[PDB]
Structures are given as C-alpha cells and as structure tokens.
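Residue numbers (this note's numbering), protein chains in the order written: chain A, 1443 to 1471; chain B, 1443 to 1471; chain C, 1443 to 1471; chain D, 1443 to 1471; chain E, 1443 to 1471; chain F, 1443 to 1471.
Protein chains: 6
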Amino acid sequence: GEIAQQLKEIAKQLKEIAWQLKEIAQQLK
Amino acid sequence: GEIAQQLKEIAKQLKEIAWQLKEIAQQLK
Amino acid sequence: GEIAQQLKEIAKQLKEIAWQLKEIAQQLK
Amino acid sequence: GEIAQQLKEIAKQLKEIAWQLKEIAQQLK
Amino acid sequence: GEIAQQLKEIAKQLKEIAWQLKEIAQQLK
Amino acid sequence: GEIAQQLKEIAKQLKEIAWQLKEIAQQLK
C-alpha cells in the first residue's frame, strides 16, 4: 500500500542520515 | 490519501535532513 | 483523523530540524 | 487511540530534537 | 498492536537522539 | 505485516542514528 511505500522511503532516508552521521563521526575523529 | 500525503511530506523533510548532514560532512572533510 | 494530525506535527518538526541543520551547515562554512 | 498516543510522543521527541539543534546552531553562531 | 509496538520503539530511539544532541550542545558550550 | 516491517526498519535506522550521535558526543567530550 501507499502507506507502506512512503514508510519504505522514510526508512531509506533514515539510512542515509545514519550514514552521514557516521561520516561526521569519522571526520571529527 | 491524507495519511499517505503526510508520510510523503515526512519523507521529503527527511531527504532534506539527509542533504544537510551531507553538507556538514563535506564541510568537515 | 488523529493519526493524520500527529503526522502533520511530525512533518512540522522535521521541517524545523532541516532548517536548523542548514543553519549549522552555514555556520560551519 | 494507542497509535495516536505513540505518534504524539514521537512528535514530542522531534520537538526536543529541533530545540537541541537550535541550541547547537546558536552555539556555533 | 504490532504497529503501536514499533512506534513505541521509534519514540524510544528519538528520545535517545534528543539526549545525545543535548549532550553535544553541552559539550560545544 | 508490511507496515510493521517498515516501522521495524525505521526503528533500526533510528537506533543507528542514536549510536552515531553518541559517538559524536563522545568525541567532543
């Protein structure tokens, strides 16, 4: 459903957010 | 409908959050 | 519905988060 | 009911996230 | 329900995110 | 089912976000 599809997109963006925060952590180190 | 539309907006804002975090990461690099 | 109303509030806060991260990026630059 | 209550709590935490990011931005400024 | 249980976990993680951002703000100060 | 599974993935990514923010906080400390 349309709900599920949007939640999938939300998950995708959160994965990218996680990735960028890992990059930030690495840079600060 | 309405729930899907709000989830779409949530996904849009998360995409912008991901973008800004990438900018921050790039600046630290 | 009540679900939709809370999702709308969630979207609002995510927009503010996006805005503040843009401000942070600008400050680091 | 219960879904609305959890979304309300999600909105509350996102508001706190927005607040803390504003604090970080203000500190960088 | 299963939806409610996952939203509860989402709220929990957002609370931790809020806490860590407060810690970050305190450290920058 | 499918909505629960996507919310589970959303919770998983938020847990990773919380973890990375803790790393950032620890680095600032």
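Every residue, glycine too, gets a C-beta built ideally from N, C-alpha and C.
What are the boundary residues of the alpha helix (DSSP H) that includes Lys1457/A?
Counting along the chain, the alpha helix (DSSP H) containing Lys1457/A begins and ends at 1444–1470.
Counted within 10 angstroms of its Cβ, other Cβ atoms place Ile1445/A as buried (16 or more) or exposed:
With fewer than 16 other Cβ atoms within 10 Å, it is exposed.
What's the gap between the Cα of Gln1448/D and the Cα of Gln1468/A?
33 Å
Just how far apart, CA to CA, sit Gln1462/D and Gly1443/A?
35 Å
Under 8 Å between C-beta atoms of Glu1458/D and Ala1460/E
yes
Classify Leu1470/D: buried if its beta carbon has 16 or more other beta carbons within 10 angstroms, exposed otherwise.
exposed
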